[PDB]
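One file, query_37.txt, carrying compact mmCIF, N, CA and C atoms and all ligand atoms:
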```
# COMPACT_ATOMS: atom_id res chain seq x y z
N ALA F 1 87.19 96.79 99.92
CA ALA F 1 88.18 95.75 100.15
C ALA F 1 89.39 96.35 100.87
N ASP F 2 90.43 96.61 100.10
CA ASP F 2 91.65 97.19 100.65
C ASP F 2 91.29 98.39 101.53
N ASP F 3 90.13 98.97 101.24
CA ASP F 3 89.66 100.12 101.99
C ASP F 3 89.58 99.75 103.48
N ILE F 4 89.10 100.71 104.26
CA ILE F 4 88.96 100.50 105.69
C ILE F 4 87.84 101.39 106.23
N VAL F 5 86.96 100.78 107.00
CA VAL F 5 85.84 101.51 107.58
C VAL F 5 85.99 101.54 109.10
N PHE F 6 85.73 102.72 109.67
CA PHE F 6 85.84 102.89 111.11
C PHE F 6 84.48 103.25 111.71
N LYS F 7 83.86 102.26 112.34
CA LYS F 7 82.57 102.46 112.96
C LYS F 7 82.61 103.73 113.82
N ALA F 8 81.72 104.65 113.49
CA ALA F 8 81.64 105.91 114.22
C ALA F 8 80.22 106.09 114.75
N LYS F 9 80.13 106.81 115.86
CA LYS F 9 78.84 107.07 116.48
C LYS F 9 78.21 108.31 115.85
N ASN F 10 78.79 108.72 114.73
CA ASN F 10 78.30 109.89 114.01
C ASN F 10 78.44 109.65 112.51
N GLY F 11 78.52 108.38 112.15
CA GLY F 11 78.66 108.01 110.75
C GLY F 11 80.04 107.41 110.47
N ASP F 12 80.03 106.29 109.76
CA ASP F 12 81.27 105.62 109.42
C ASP F 12 82.25 106.63 108.81
N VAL F 13 83.53 106.38 109.04
CA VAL F 13 84.57 107.25 108.52
C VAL F 13 85.46 106.47 107.56
N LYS F 14 85.10 106.53 106.28
CA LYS F 14 85.85 105.84 105.26
C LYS F 14 87.25 106.45 105.14
N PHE F 15 88.23 105.59 104.94
CA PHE F 15 89.61 106.03 104.82
C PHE F 15 90.37 105.17 103.81
N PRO F 16 90.65 105.76 102.65
CA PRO F 16 91.37 105.13 101.56
C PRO F 16 92.78 104.79 102.02
N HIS F 17 92.99 103.56 102.45
CA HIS F 17 94.30 103.13 102.91
C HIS F 17 95.23 102.96 101.70
N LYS F 18 94.81 102.09 100.79
CA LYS F 18 95.59 101.83 99.60
C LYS F 18 95.78 103.13 98.82
N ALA F 19 94.72 103.92 98.77
CA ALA F 19 94.76 105.19 98.07
C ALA F 19 95.80 106.10 98.72
N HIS F 20 95.69 106.22 100.04
CA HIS F 20 96.62 107.05 100.79
C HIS F 20 98.03 106.46 100.70
N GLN F 21 98.09 105.22 100.24
CA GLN F 21 99.36 104.53 100.10
C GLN F 21 100.02 104.91 98.77
N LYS F 22 99.23 105.53 97.90
CA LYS F 22 99.73 105.95 96.60
C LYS F 22 99.90 107.47 96.59
N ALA F 23 99.17 108.12 97.48
CA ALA F 23 99.23 109.57 97.59
C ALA F 23 100.41 109.96 98.48
N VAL F 24 100.50 109.27 99.61
CA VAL F 24 101.57 109.54 100.56
C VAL F 24 102.62 108.43 100.47
N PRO F 25 103.89 108.84 100.54
CA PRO F 25 105.04 107.97 100.47
C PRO F 25 105.31 107.38 101.85
N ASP F 26 106.23 107.98 102.58
CA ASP F 26 106.57 107.50 103.91
C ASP F 26 105.28 107.19 104.68
N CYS F 27 105.25 105.99 105.25
CA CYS F 27 104.09 105.56 106.01
C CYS F 27 104.30 105.94 107.48
N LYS F 28 105.56 106.15 107.82
CA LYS F 28 105.92 106.52 109.18
C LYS F 28 105.06 107.71 109.62
N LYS F 29 104.57 108.44 108.63
CA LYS F 29 103.74 109.60 108.90
C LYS F 29 102.44 109.15 109.57
N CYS F 30 102.07 107.90 109.30
CA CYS F 30 100.86 107.34 109.87
C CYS F 30 101.26 106.21 110.82
N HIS F 31 102.28 105.47 110.42
CA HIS F 31 102.76 104.36 111.21
C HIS F 31 104.15 104.69 111.77
N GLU F 32 104.15 105.57 112.76
CA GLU F 32 105.40 105.99 113.39
C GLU F 32 106.06 104.80 114.09
N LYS F 33 105.22 103.95 114.66
CA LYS F 33 105.71 102.77 115.36
C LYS F 33 105.58 101.55 114.45
N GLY F 34 105.90 101.75 113.19
CA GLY F 34 105.83 100.68 112.21
C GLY F 34 104.37 100.39 111.83
N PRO F 35 104.20 99.93 110.59
CA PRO F 35 102.91 99.59 110.02
C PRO F 35 102.13 98.74 111.02
N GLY F 36 100.84 99.03 111.16
CA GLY F 36 100.00 98.28 112.08
C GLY F 36 98.90 99.17 112.66
N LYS F 37 98.40 98.76 113.82
CA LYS F 37 97.35 99.50 114.49
C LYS F 37 97.96 100.71 115.19
N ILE F 38 97.11 101.70 115.44
CA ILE F 38 97.55 102.92 116.11
C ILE F 38 96.86 103.03 117.47
N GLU F 39 97.49 102.46 118.47
CA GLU F 39 96.95 102.49 119.82
C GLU F 39 96.95 103.92 120.36
N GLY F 40 95.78 104.54 120.29
CA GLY F 40 95.64 105.91 120.77
C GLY F 40 94.88 106.77 119.75
N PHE F 41 94.66 106.18 118.59
CA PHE F 41 93.95 106.88 117.53
C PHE F 41 92.56 107.32 117.99
N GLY F 42 91.94 108.16 117.17
CA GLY F 42 90.61 108.66 117.49
C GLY F 42 90.51 110.16 117.20
N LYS F 43 89.33 110.70 117.44
CA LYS F 43 89.09 112.12 117.21
C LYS F 43 90.37 112.90 117.51
N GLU F 44 91.07 112.47 118.54
CA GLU F 44 92.31 113.12 118.94
C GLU F 44 93.09 113.56 117.70
N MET F 45 93.75 112.59 117.08
CA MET F 45 94.54 112.87 115.89
C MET F 45 93.63 113.06 114.67
N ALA F 46 92.67 112.17 114.54
CA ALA F 46 91.73 112.23 113.43
C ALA F 46 91.29 113.68 113.22
N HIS F 47 91.34 114.44 114.30
CA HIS F 47 90.95 115.84 114.24
C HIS F 47 92.19 116.72 114.17
N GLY F 48 93.05 116.57 115.17
CA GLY F 48 94.28 117.34 115.23
C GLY F 48 95.15 117.08 114.00
N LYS F 49 96.45 117.03 114.23
CA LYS F 49 97.39 116.79 113.15
C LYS F 49 97.44 115.29 112.84
N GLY F 50 96.26 114.74 112.59
CA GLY F 50 96.15 113.33 112.27
C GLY F 50 95.72 113.12 110.82
N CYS F 51 94.52 113.59 110.52
CA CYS F 51 93.98 113.46 109.17
C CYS F 51 93.69 114.87 108.64
N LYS F 52 92.96 115.63 109.45
CA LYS F 52 92.61 116.99 109.07
C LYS F 52 93.88 117.83 108.94
N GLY F 53 94.91 117.39 109.65
CA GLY F 53 96.19 118.09 109.62
C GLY F 53 96.85 117.98 108.25
N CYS F 54 96.82 116.76 107.72
CA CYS F 54 97.41 116.50 106.41
C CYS F 54 96.34 116.73 105.35
N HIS F 55 95.33 117.49 105.72
CA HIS F 55 94.23 117.79 104.81
C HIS F 55 94.14 119.30 104.60
N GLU F 56 93.74 119.99 105.65
CA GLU F 56 93.61 121.44 105.59
C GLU F 56 94.89 122.07 105.04
N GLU F 57 96.01 121.59 105.55
CA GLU F 57 97.31 122.10 105.12
C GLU F 57 97.32 122.28 103.60
N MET F 58 96.77 121.29 102.91
CA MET F 58 96.71 121.32 101.46
C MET F 58 95.36 121.83 100.97
N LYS F 59 94.39 121.82 101.88
CA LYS F 59 93.05 122.27 101.57
C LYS F 59 92.40 121.29 100.60
N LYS F 60 92.48 120.01 100.96
CA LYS F 60 91.91 118.97 100.13
C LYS F 60 91.59 117.75 101.01
N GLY F 61 90.35 117.28 100.88
CA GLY F 61 89.91 116.14 101.65
C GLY F 61 88.75 116.51 102.58
N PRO F 62 88.23 115.50 103.28
CA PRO F 62 87.14 115.63 104.22
C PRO F 62 87.56 116.51 105.38
N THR F 63 87.22 117.79 105.31
CA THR F 63 87.58 118.72 106.37
C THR F 63 86.36 119.06 107.22
N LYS F 64 85.19 118.75 106.67
CA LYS F 64 83.94 119.01 107.37
C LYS F 64 83.51 117.75 108.12
N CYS F 65 82.58 117.95 109.04
CA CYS F 65 82.07 116.84 109.83
C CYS F 65 81.02 116.09 109.00
N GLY F 66 80.71 116.67 107.85
CA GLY F 66 79.73 116.07 106.95
C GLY F 66 80.42 115.24 105.87
N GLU F 67 81.74 115.21 105.94
CA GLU F 67 82.53 114.46 104.98
C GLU F 67 83.04 113.16 105.60
N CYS F 68 83.54 113.28 106.82
CA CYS F 68 84.06 112.12 107.53
C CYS F 68 82.90 111.45 108.26
N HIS F 69 82.19 112.24 109.04
CA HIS F 69 81.06 111.73 109.80
C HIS F 69 79.79 111.84 108.95
N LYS F 70 79.60 110.85 108.09
CA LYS F 70 78.44 110.82 107.22
C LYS F 70 78.44 109.52 106.42
N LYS F 71 77.79 108.51 106.98
CA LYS F 71 77.71 107.22 106.33
C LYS F 71 77.50 107.42 104.83
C1 LIG T 101 83.93 119.92 113.56
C2 LIG T 101 83.68 118.65 112.74
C3 LIG T 101 83.80 117.38 113.53
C4 LIG T 101 83.24 117.09 114.72
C5 LIG T 101 82.36 117.96 115.57
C6 LIG T 101 83.65 115.75 115.07
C7 LIG T 101 83.27 115.09 116.23
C8 LIG T 101 83.76 113.83 116.63
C9 LIG T 101 83.41 113.17 117.87
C10 LIG T 101 82.47 113.73 118.90
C11 LIG T 101 84.07 112.00 117.89
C12 LIG T 101 84.05 110.94 118.96
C13 LIG T 101 83.12 109.77 118.66
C14 LIG T 101 83.12 108.76 119.80
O1 LIG T 101 84.16 108.10 119.97
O2 LIG T 101 82.07 108.66 120.47
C15 LIG T 101 84.84 111.92 116.68
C16 LIG T 101 85.66 110.84 116.34
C17 LIG T 101 86.26 110.67 115.08
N1 LIG T 101 86.34 111.63 114.09
FE1 LIG T 101 85.56 113.42 114.04
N2 LIG T 101 84.46 115.22 114.08
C18 LIG T 101 84.56 116.22 113.13
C19 LIG T 101 85.30 116.13 111.93
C20 LIG T 101 86.13 114.97 111.52
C21 LIG T 101 86.70 114.78 110.20
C22 LIG T 101 86.71 115.81 109.11
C23 LIG T 101 87.19 113.52 110.17
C24 LIG T 101 87.88 112.83 109.03
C25 LIG T 101 89.00 113.66 108.39
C26 LIG T 101 86.94 112.93 111.46
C27 LIG T 101 87.32 111.62 111.82
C28 LIG T 101 87.01 111.02 113.04
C29 LIG T 101 87.34 109.66 113.38
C30 LIG T 101 88.06 108.70 112.48
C31 LIG T 101 86.88 109.44 114.63
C32 LIG T 101 86.98 108.18 115.45
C33 LIG T 101 85.83 107.21 115.22
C34 LIG T 101 84.67 107.51 116.17
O3 LIG T 101 84.82 107.20 117.37
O4 LIG T 101 83.65 108.04 115.67
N3 LIG T 101 86.29 113.83 112.28
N4 LIG T 101 84.64 113.05 115.91
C1 LIG T 102 104.42 101.02 104.48
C2 LIG T 102 103.09 101.70 104.20
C3 LIG T 102 101.94 101.17 105.02
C4 LIG T 102 101.80 99.93 105.54
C5 LIG T 102 102.75 98.77 105.44
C6 LIG T 102 100.54 99.91 106.24
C7 LIG T 102 100.04 98.80 106.91
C8 LIG T 102 98.92 98.83 107.77
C9 LIG T 102 98.39 97.67 108.45
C10 LIG T 102 98.94 96.28 108.35
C11 LIG T 102 97.33 98.09 109.17
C12 LIG T 102 96.43 97.28 110.06
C13 LIG T 102 97.14 96.13 110.77
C14 LIG T 102 96.72 94.79 110.20
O1 LIG T 102 95.53 94.66 109.85
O2 LIG T 102 97.61 93.91 110.11
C15 LIG T 102 97.19 99.51 108.94
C16 LIG T 102 96.20 100.31 109.51
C17 LIG T 102 96.12 101.70 109.37
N1 LIG T 102 96.89 102.46 108.51
FE1 LIG T 102 98.35 101.89 107.24
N2 LIG T 102 99.91 101.14 106.14
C18 LIG T 102 100.77 101.92 105.38
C19 LIG T 102 100.54 103.26 105.02
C20 LIG T 102 99.58 104.13 105.72
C21 LIG T 102 99.54 105.57 105.61
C22 LIG T 102 100.43 106.39 104.71
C23 LIG T 102 98.58 106.01 106.45
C24 LIG T 102 98.16 107.43 106.71
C25 LIG T 102 98.20 108.32 105.48
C26 LIG T 102 98.02 104.85 107.09
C27 LIG T 102 96.98 104.88 108.04
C28 LIG T 102 96.48 103.77 108.70
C29 LIG T 102 95.43 103.82 109.70
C30 LIG T 102 94.74 105.07 110.16
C31 LIG T 102 95.21 102.55 110.11
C32 LIG T 102 94.23 102.07 111.13
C33 LIG T 102 94.85 101.72 112.48
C34 LIG T 102 93.92 102.11 113.62
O3 LIG T 102 92.74 101.70 113.56
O4 LIG T 102 94.41 102.80 114.54
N3 LIG T 102 98.64 103.70 106.63
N4 LIG T 102 98.18 99.95 108.08
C1 LIG T 103 93.08 108.21 109.24
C2 LIG T 103 93.57 109.59 108.82
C3 LIG T 103 93.08 110.03 107.47
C4 LIG T 103 91.84 109.90 106.95
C5 LIG T 103 90.63 109.28 107.59
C6 LIG T 103 91.87 110.47 105.63
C7 LIG T 103 90.78 110.52 104.77
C8 LIG T 103 90.80 111.06 103.47
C9 LIG T 103 89.73 110.95 102.51
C10 LIG T 103 88.43 110.23 102.76
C11 LIG T 103 90.12 111.59 101.39
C12 LIG T 103 89.37 111.75 100.11
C13 LIG T 103 90.21 111.51 98.86
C14 LIG T 103 89.54 110.48 97.95
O1 LIG T 103 89.65 109.28 98.28
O2 LIG T 103 88.95 110.92 96.94
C15 LIG T 103 91.45 112.11 101.65
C16 LIG T 103 92.19 112.84 100.72
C17 LIG T 103 93.52 113.24 100.92
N1 LIG T 103 94.30 112.93 102.02
FE1 LIG T 103 93.85 111.98 103.63
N2 LIG T 103 93.14 110.95 105.34
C18 LIG T 103 93.89 110.68 106.47
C19 LIG T 103 95.25 111.00 106.63
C20 LIG T 103 96.02 111.74 105.69
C21 LIG T 103 97.40 112.11 105.87
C22 LIG T 103 98.23 111.78 107.08
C23 LIG T 103 97.78 112.79 104.77
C24 LIG T 103 99.13 113.39 104.46
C25 LIG T 103 100.30 112.60 105.04
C26 LIG T 103 96.64 112.85 103.89
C27 LIG T 103 96.63 113.48 102.63
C28 LIG T 103 95.53 113.53 101.78
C29 LIG T 103 95.51 114.21 100.51
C30 LIG T 103 96.67 114.96 99.92
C31 LIG T 103 94.28 114.03 99.98
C32 LIG T 103 93.76 114.54 98.67
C33 LIG T 103 93.55 113.46 97.61
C34 LIG T 103 94.33 113.77 96.34
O3 LIG T 103 95.53 113.42 96.31
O4 LIG T 103 93.71 114.35 95.43
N3 LIG T 103 95.56 112.21 104.47
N4 LIG T 103 91.85 111.78 102.93
```

Could you quickly redo this structure as C-alpha cells?
Ligand code: HEM
Ligand code: HEM
Ligand code: HEM
Amino acid sequence: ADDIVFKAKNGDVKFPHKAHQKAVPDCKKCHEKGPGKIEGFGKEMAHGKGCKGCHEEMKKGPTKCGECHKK
C-alpha cells in the first residue's frame, strides 16, 4: 500500500516510503525540491549518493544488486 514499487528491468525495486518516513526525518534529503516526484531519478542516484549512499554509510540496507534488483 503506502509502499512503492519501481518497475525495473532487473527486478522490481521495493522502497519503504512510509518506513523511510519513520527512519529518516528531513524529507528534503529525498525531496530537495519539495515532496513529490524526482525528475532525474534512476540508477544515477539510486546507485550514487541516492539510496546506496544513505545505506553503505551506515552499512545497512540493500547494498547488493541481489537486494534491490530481485523481484
Ligand atoms: C552493482 C549492483 C547493481 C547493479 C549492477 C545495478 C544495475 C542497474 C542498471 C543497469 C539499472 C538501469 C535499468 C534500466 O533503466 O534499464 C539500474 C537501475 C536502478 N537501480 Fe540498480 N544496480 C545495482 C544495485 C542497486 C541497488 C543496491 C539498488 C537499491 C538500493 C538499486 C536501485 C536501482 C533503481 C531504483 C533503479 C531504477 C529502476 C530501473 O530502471 O531498473 N540498484 N541498476
Ligand atoms: C515530508 C516527508 C515526505 C513527503 C511529504 C513525501 C511525499 C512524497 C510524494 C507525494 C511522492 C509521490 C508524489 C505523489 O504521488 O503525489 C513521493 C515519492 C517519492 N519519495 Fe517521498 N515523501 C517524504 C519523505 C521521503 C523520504 C525521506 C525519502 C527518501 C528517504 C523519499 C523518497 C521518495 C522517492 C524515491 C519517491 C519516488 C519519486 C520518483 O519516482 O522519482 N520520500 N514522496
Ligand atoms: C529510493 C532510495 C532508497 C531506497 C530504494 C531505499 C531502500 C531501502 C530498503 C529496501 C531498506 C530495507 C529496510 C527494511 O525495510 O527492512 C532500506 C533500509 C534503510 N535505509 Fe534506505 N532506501 C533509499 C534511500 C535512503 C536514504 C536517503 C536514507 C538516509 C537518508 C536511507 C536510510 C536507510 C536506513 C538507515 C536503513 C536501515 C533500516 C533500519 O533503520 O534498520 N535510505 N532502504

Open item on the list: Please find the residues contacting ligand LIG 102 (chain T) at a distance of at most 10 Å between atoms, with only C-alpha atoms and all ligand atoms counted, and report them as a ChimeraX atom specification.
Closed with: /F:3-6,15-32,34-42,45-46,50-51,54

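In this model, the gap between atom CA of residue F:33 and atom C5 of ligand LIG 101 (chain T) comes to 27.9 Å.
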
Task: Selection as number ranges by chain: residues within 6.5 Å of ligand LIG 101 (chain T) by all atoms listed in the file - done: F: 6-11, 13, 41-44, 46-47, 51-52, 61-69

Open item on the list: I'd like the interatomic distance between atom CA of residue F:57 and atom CA of residue F:71, to a tenth of an Å.
Closed with: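 It comes out at 24.6 Å.
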
Task: Between atom CA of residue F:48 and atom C31 of ligand LIG 103 (chain T) - distance in Å to one decimal - done: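 Interatomic distance, atom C31 of ligand LIG 103 (chain T) to atom CA of residue F:48: 15.6 Å.
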
The centre and edge lengths of an axis-aligned box containing all atoms of stretch 54-61 of chain F present in the file, extended by 3 Å on each side, are to be given in Å to one decimal, as JSON.
```
{"center_x": 93.1, "center_y": 119.2, "center_z": 103.9, "size_x": 14.7, "size_y": 12.1, "size_z": 13.6}
```

- [ ] Kindly indicate which residue among F:12, F:70, F:2, F:55 lies nearest to ligand LIG 103 (chain T), using all atoms listed in the file for the distances.
- [x] F:55

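Running DSSP on the backbone and keeping only alpha helix (DSSP H), the residues of chain F that qualify are residues 17, 18, 19, 20, 21, 22, 23, 43, 44, 45, 46, 47, 53, 54, 55 and 56 of chain F.
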
For stretch 21-36 of chain F, supply N, CA, C and O atoms and report the output as an mmCIF file, keeping the file's coordinate frame.
```cif
data_model
loop_
_atom_site.group_PDB
_atom_site.id
_atom_site.type_symbol
_atom_site.label_atom_id
_atom_site.label_comp_id
_atom_site.auth_asym_id
_atom_site.auth_seq_id
_atom_site.Cartn_x
_atom_site.Cartn_y
_atom_site.Cartn_z
ATOM 1 N N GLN F 21 98.090 105.220 100.240
ATOM 2 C CA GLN F 21 99.360 104.530 100.100
ATOM 3 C C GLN F 21 100.020 104.910 98.770
ATOM 4 O O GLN F 21 101.206 104.640 98.561
ATOM 5 N N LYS F 22 99.230 105.530 97.900
ATOM 6 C CA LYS F 22 99.730 105.950 96.600
ATOM 7 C C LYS F 22 99.900 107.470 96.590
ATOM 8 O O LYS F 22 100.666 108.000 95.791
ATOM 9 N N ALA F 23 99.170 108.120 97.480
ATOM 10 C CA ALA F 23 99.230 109.570 97.590
ATOM 11 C C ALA F 23 100.410 109.960 98.480
ATOM 12 O O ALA F 23 101.179 110.857 98.147
ATOM 13 N N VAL F 24 100.500 109.270 99.610
ATOM 14 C CA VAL F 24 101.570 109.540 100.560
ATOM 15 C C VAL F 24 102.620 108.430 100.470
ATOM 16 O O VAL F 24 102.308 107.248 100.346
ATOM 17 N N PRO F 25 103.890 108.840 100.540
ATOM 18 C CA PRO F 25 105.040 107.970 100.470
ATOM 19 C C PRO F 25 105.310 107.380 101.850
ATOM 20 O O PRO F 25 104.668 106.392 102.214
ATOM 21 N N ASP F 26 106.230 107.980 102.580
ATOM 22 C CA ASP F 26 106.570 107.500 103.910
ATOM 23 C C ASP F 26 105.280 107.190 104.680
ATOM 24 O O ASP F 26 104.366 108.006 104.726
ATOM 25 N N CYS F 27 105.250 105.990 105.250
ATOM 26 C CA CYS F 27 104.090 105.560 106.010
ATOM 27 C C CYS F 27 104.300 105.940 107.480
ATOM 28 O O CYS F 27 103.344 106.035 108.243
ATOM 29 N N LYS F 28 105.560 106.150 107.820
ATOM 30 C CA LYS F 28 105.920 106.520 109.180
ATOM 31 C C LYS F 28 105.060 107.710 109.620
ATOM 32 O O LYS F 28 104.869 107.934 110.815
ATOM 33 N N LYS F 29 104.570 108.440 108.630
ATOM 34 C CA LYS F 29 103.740 109.600 108.900
ATOM 35 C C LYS F 29 102.440 109.150 109.570
ATOM 36 O O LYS F 29 101.813 109.919 110.295
ATOM 37 N N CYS F 30 102.070 107.900 109.300
ATOM 38 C CA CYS F 30 100.860 107.340 109.870
ATOM 39 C C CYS F 30 101.260 106.210 110.820
ATOM 40 O O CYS F 30 100.644 106.029 111.873
ATOM 41 N N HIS F 31 102.280 105.470 110.420
ATOM 42 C CA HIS F 31 102.760 104.360 111.210
ATOM 43 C C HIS F 31 104.150 104.690 111.770
ATOM 44 O O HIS F 31 105.155 104.157 111.310
ATOM 45 N N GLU F 32 104.150 105.570 112.760
ATOM 46 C CA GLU F 32 105.400 105.990 113.390
ATOM 47 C C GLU F 32 106.060 104.800 114.090
ATOM 48 O O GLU F 32 107.284 104.679 114.098
ATOM 49 N N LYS F 33 105.220 103.950 114.660
ATOM 50 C CA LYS F 33 105.710 102.770 115.360
ATOM 51 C C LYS F 33 105.580 101.550 114.450
ATOM 52 O O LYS F 33 105.189 100.473 114.907
ATOM 53 N N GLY F 34 105.900 101.750 113.190
ATOM 54 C CA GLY F 34 105.830 100.680 112.210
ATOM 55 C C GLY F 34 104.370 100.390 111.830
ATOM 56 O O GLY F 34 103.448 100.559 112.621
ATOM 57 N N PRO F 35 104.200 99.930 110.590
ATOM 58 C CA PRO F 35 102.910 99.590 110.020
ATOM 59 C C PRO F 35 102.130 98.740 111.020
ATOM 60 O O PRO F 35 102.710 97.853 111.631
ATOM 61 N N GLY F 36 100.840 99.030 111.160
ATOM 62 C CA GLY F 36 100.000 98.280 112.080
ATOM 63 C C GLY F 36 98.900 99.170 112.660
ATOM 64 O O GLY F 36 98.539 100.187 112.072
#
```
